[PDB]
Each structure stands twice: as structure tokens, then as C-alpha cells.
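Quick note: residue numbers are just sequence positions, from 1. Heavy-atom basis, side chains included; hydrogens, waters and symmetry copies ignored. Atoms within a ligand are numbered from 1 in the order they appear, just like the ligands themselves.
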Amino acid sequence: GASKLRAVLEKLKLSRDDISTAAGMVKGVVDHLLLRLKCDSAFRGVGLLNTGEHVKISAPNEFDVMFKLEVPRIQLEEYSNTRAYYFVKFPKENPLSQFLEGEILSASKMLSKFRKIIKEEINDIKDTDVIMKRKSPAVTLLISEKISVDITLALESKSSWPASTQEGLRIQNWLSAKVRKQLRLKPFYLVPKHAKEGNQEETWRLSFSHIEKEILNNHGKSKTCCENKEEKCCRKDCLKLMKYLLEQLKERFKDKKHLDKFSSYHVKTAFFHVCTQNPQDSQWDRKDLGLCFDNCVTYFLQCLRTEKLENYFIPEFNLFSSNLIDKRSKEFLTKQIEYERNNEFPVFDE
Ligand SMILES: O=c1cc(CNc2ccccc2F)[nH]c2nc(NCc3ccccc3Cl)nn12
Ligand SMILES: [Zn+2]
């Protein structure tokens with residue numbers, strides 16, 4: 001119960017203080033690469049995207065970074081009616097035309113020049129040992145023998161969010177409509193997709209990876225939630241436990257393929273739906289950690305059984321569509337999570 005879940009969280013906290021030094025090595029290499037990238041005519045306006053980092057909290061040495069590139073006067077064209085994937089289209093020509101394939105922006109061309117640069121600069125680094133790993137649209141580096149960094153390049157648009165997000169980000173009941181309006185004034189992002197996901201096609205995918213940070217840092221119905229003794233909630237802790245539960249289950253079954261398609265996306269999306277459904281800070285009281293986590297678990301199970309997990313920004317897109325994850329995989333994860341819940345989560349102890 002809550003006592004055990006608390007113990008897990010204190011365990012993870014100790015390993016977080018020991019990767020401050022590893023974060024320094026990452027920031028060192030990242031800033032070096034942003035500097036050499038800015039010398040390129042195509043990537044001149046590249047920059048770091050503020051997102052908080054760690055997709056894996058059971059592997060404190062694996063890091064995740066996003067570089068953004070602003071592309072002004074951008075025209076988007078939705079692929080099929082997939083809602084999430086888009087072709088990128090544009091009198092005067094500019095350096096980005098070297099990435100055009102016909103009249104659309106090629107992610108392959110752009111990723112290829114992106115990779116060639118980093119690989120060239122990685123070899124030029126002599127103050128630390130850093131290797132590049134084999135190609136999956138991101139670039140992955142190994143610093144020392146333990147630390148690894150995934151670098152994703154995203155296009156940034158400061159124009160209005162695409163129309164498929166119009167009924168999404170439904171946080172009005174929790175954080176108020178004016179916060180939703182504010183968030184929707186922030187830019188949006190487009191990333192290259194996998195050859196795994198989708199149909200090779202030069203479509204880009206909507207990304208809102210900058211939004212989680214905005215909400216997690218201002219997460220209460222109360223403006224002072226988690227800012228004094230009398231207002232301690234367990235939202236952050238429940239998201240951490242949900243993430244750890246999926247990471248642990250995927251490790252336990254890494255030999256089978258049955259869980260390859262589940263990721264922290266699904267847990268996060270399910271978490272923030274529970275925050276929408278339970279908007280009151282009193283539904284997240286620190287003393288009720290065990291009950292609050294159980295709510296998160298049972299909500300996730302319900303999504304699994306009904307095969308419905310709406311993306312948070314594009315509700316028409318079902319992350320748990322059988323078109324994406326087959327019925328048998330959800331049923332399996334349901335079985336494992338039900339077993340965990342029923343046995344006070346033995347996947348959690350030492
Ligand atoms: O960066 C993130 C993070 C989350 C995680 N959830 C989440 C984050 C912040 C606040 C609330 C949340 F529930 N979801 C997400 N969806 C998209 N793009 C849309 C999309 C991406 C991929 C496939 C289909 C679709 Cl339609 N980006 N993106
Ligand atoms: Zn709080």
C-alpha cells in the first residue's frame with residue numbers, strides 16, 4: 001500500500017541525485033553539438049527545446065533531448081484522415097529547400113544532414129569520450145560507457161494549432177479555460193515518424209512534448225498546490241509510479257514481444273485523463289497515495305479492456321485502437337497489471 005509506494009519513491013529519489021554529474025556531461029555534449037549545428041546554413045536557427053530529461057526512470061543514465069527548428073510560413077497537409085500526421089509544404093528560396101523532395105519537406109533528407117553533422121562533430125570531440133549508435137528517427141549517443149542520449153529534431157510552428165486538436169486539451173474543469181487558452185497560444189511541434197509507425201513516407205507527426213512541463217509545474221486546481229505544508233498532493237508521485245510500473249513490466253517481459261508497443265505516452269495520457277476526471281486537489285491528498293495510485297491503475301485497466309485511450313490533444317485518435325496494438329497485447333498487459341494490483345505490486349520491491 002501507500003507505505004510501500006512511498007518506499008519506492010524514496011528509492012528513486014536517491015538515484016536521481018547521483019545523475020546530476022551525468023546530466024552535466026550530457027549538457028556539455030549537447031551545447032557543443034548545438035554550436036556546430038548553428039554553423040550550418042540549414043540548421044542556423046536550431047535550438048534546444050525546454051521540456052523539463054527521462055523517458056526511463058528505472059534507467060537514470062538514459063537521457064532524452066529535443067532540438068527544435070523554427071520553420072515560418074509553413075503549410076501543413078493532413079495525411080489521409082489520420083489527424084496526427086502531416087505533409088509539410090512552404091517567391092524567395094531559403095536554405096531549407098535543400099531538404100525538399102518535390103514540394104514537400106523531406107524528413108529523410110533533413111535527418112541525413114543532421115546525422116552527418118553530429119557524427120562529424122562527435123569525432124572532433126577530444127575532452128570526453130562519446131560514440132554514436134546505429135540508426136528509428138532519433139540520433140543516439142553514448143557518453144563514457146553508461147550514459148546515453150537520444151536527440152530528436154523537431155520542426156516548430158508558432159502559428160495556430162492544427163484543427164484536429166480543437167476538442168483536445170480538455171483541462172477547463174481542472175486548471176480553467178483561460179489556462180487552456182494560454183497553453184494553446186504556445187507553439188506546436190512536428191517530428192519525423194518511425195519506419196515502424198504508419199505506412200517509407202515523408203509525413204511528420206504532431207508533437208506537444210513541451211506541454212507536460214507546463215502542467216506538471218502548475219498542476220493543482222489551487223494556485224499554491226504543493227507550495228506550502230498544508231497543500232501536499234500526490235499527482236507527480238502517481239505519474240512516477242505509473243511510469244515505473246510499465247517500465248518494470250516491460251523489463252520483466254523483454255523476451256516476449258507482447259509489450260513492445262506500450263510506452264510512457266500511454267501511461268502519461270492515461271494519467272492526465274485521470275487528472276481531468278478528478279480535478280480537485282482533495283482527490284490527490286498525499287495521505288491517500290495508495291488510493292490515488294489505485295485510481296490511476298484501475299483507469300488504465302478500463303482503457304485496456306475497452307480498447308480506448310484518447311490522445312490528449314487529438315481526441316479522435318485512439319492510442320489503443322486495434323489498428324495500432326492488437327487485442328491480444330492489451331489483454332496480456334491487463335492480466336499482468338491485474339496480478340500486480342491484486343498482490344500489492346510485487347514488481348515494486350527490491
Ligand atoms: O508529447 C506528447 C506527450 C503526450 C503525453 N500526454 C500528455 C502530455 C502533456 C499533457 C497531457 C498529456 F496527456 N501526448 C502527445 N501527443 C502528442 N501528439 C499527438 C499524437 C502523438 C503521437 C501519436 C498520436 C498523436 Cl494524435 N504529442 N504528445
Ligand atoms: Zn500538488
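Geometry note: the Zn ion (ligand 2) is the vertex, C226 SG and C233 SG are the arms, and the angle is 110° (rounded to 10 degrees).
A salt bridge does not link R341 to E338: none of the charged nitrogens lies less than 4.0 Å from a carboxylate oxygen. Between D281 and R235 there is a salt bridge, with a side-chain nitrogen of the basic residue lying less than 4.0 Å from a carboxylate oxygen of the acidic one. The existence of a salt bridge linking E214 and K186 is confirmed by a sub-4.0 Å separation between a basic side-chain nitrogen and an acidic carboxylate oxygen.
Counting just the N/O/S atoms of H219, the one with the shortest distance to the Zn ion (ligand 2) is named NE2.
Atom CZ of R305 has more than 12 heavy atoms from other residues, nucleotides or ligands within 6.0 Å.
Listed by first and then second residue, the side chain to side chain donor-acceptor pair (under 3.5 Å) pairs that reach into residues 250-272 are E212-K268, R252-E340, sequence neighbours excluded.
The Zn ion (ligand 2) has an N, O or S atom of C225 under 2.8 Å away, backbone or side chain.
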Identify all N/O pairs between ligand 1 and the protein with a separation under 3.5 Å and present them as a table of atom names and distances.
unit_1   : atom_1 : unit_2 : atom_2 : d
ligand 1 : 1 (O)  : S209   : N      : 3.0
ligand 1 : 16 (N) : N311   : ND2    : 3.0
ligand 1 : 18 (N) : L206   : O      : 2.9
ligand 1 : 27 (N) : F208   : N      : 3.1

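Two rings, from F208 and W161, have their centers less than 6.0 Å apart. Checked against the 6.0 Å centroid threshold, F43 and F67 do not count as a close aromatic pair.
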